[PDB]
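Presented below, as structure tokens, is a lone chain in the form deposited in one PDB entry.
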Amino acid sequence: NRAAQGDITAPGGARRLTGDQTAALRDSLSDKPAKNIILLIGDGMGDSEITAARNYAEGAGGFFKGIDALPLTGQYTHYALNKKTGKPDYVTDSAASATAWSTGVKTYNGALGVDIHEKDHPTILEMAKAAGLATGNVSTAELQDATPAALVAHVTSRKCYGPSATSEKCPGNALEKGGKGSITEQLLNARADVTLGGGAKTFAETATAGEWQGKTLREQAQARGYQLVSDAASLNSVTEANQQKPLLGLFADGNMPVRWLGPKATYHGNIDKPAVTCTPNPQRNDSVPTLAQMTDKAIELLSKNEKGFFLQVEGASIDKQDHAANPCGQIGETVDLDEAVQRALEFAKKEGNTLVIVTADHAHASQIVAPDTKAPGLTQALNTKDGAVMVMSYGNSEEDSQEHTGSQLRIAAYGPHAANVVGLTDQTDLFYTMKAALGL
């Protein structure tokens, strides 16, 4: 572990290390092939987000048993491009960044699986499937959202959820104009073995052309042999997932509900309002699977393939709650991701040939500031595990969405080929790292 080893007020009591690390780090370095990869993404989970959640949930000297437990660490860059000039755009969205690690090419904000010239490039998930590996795509967001969509769809705008938006916003991609289709249509073609998340709403739309013209996208999925599930009990009862019977779990109309409840941050909230304690969200029913439960099921089903598997797992609402200036929502989604990381690491340590990677798509707004801060944006005081107040600040937007930031951020890894995240890297190096680890 890397918790403080004793009394933080005494000499050495805040140390996270118990002895020299050179031998242990040598033991962590393997260049043998990866059989499997599990990539876990905390959307908007910069170093600031990791630290705030640790401080609140584990205490300043505590330790995330998942997120903090991966031994090989570095910092990576995630800048996008300006579509017209090809020059860097220093603050990416989720679409350009997910395109970078899934294809190895930089692109413009809002693009999925295409470059600045609108040309398609293959994804790591498509490549894994072509090599005979099992494939998984898990998220707490609607499945059409940028982070899961980038693995399975090639469209010129992330807004192209279904046929209706695609005809308006991506006419080159629209099925009735000869394109590959909307995000949801391309997801159904991609046919991952396991796809789990939200986003049932768009499946009520009808196709405009092709074999399933006039049928809903839900009807199409059923006709094409998918197993559709909608709650925890139906998910748990699934005993196989493969190309004959692929699994599609749709657990909410839009995004899945967050784990923790608290109030929104406000102007001078740390001064004028009481300190807050986060609580379990009553508007999340127990019939909704957790991220860790979805991860466990995916691992169980995918690991039956003896050649190997690729799995991406996204803690999507770290970012979404950071936009909403809601510390409890944001921290609870970080704690939720840590639970899923623990399931991945436990599997990987037993199996011995699995590369596990934990990172974020970009940095975000939240900052940890002094308790008496008088700031111009939105603030809130929180009562942490240590029995002390922490203040968080959201200071980069006068509009009601706090925005992404451009700082480089932590990437961490465990298992074969994990050395390739150490030092300064780029988000596009992660594509090449995964490709080489699996020998694709």
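Don't overthink the numbering: it's just position in the shown sequence, from 1.
Omitted here: the form solved in complex with a partner chain. The next part is about that form.
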item	value
The single option of 218, 191, 169, 323 touching its partner chain in the entry with it bound, heavy atom within 4.5 Å	169
Heavy atom within 4.5 Å of its partner chain in the entry with it bound - the one residue of 93, 339, 296, 176 that qualifies	93
Contact flag, residue 156 vs its partner chain in the entry with it bound, heavy atom cut 4.5 Å	yes
Partner proximity in the entry with it bound: residue 109 to its partner chain, non-hydrogen atom cutoff 4.5 Å	yes
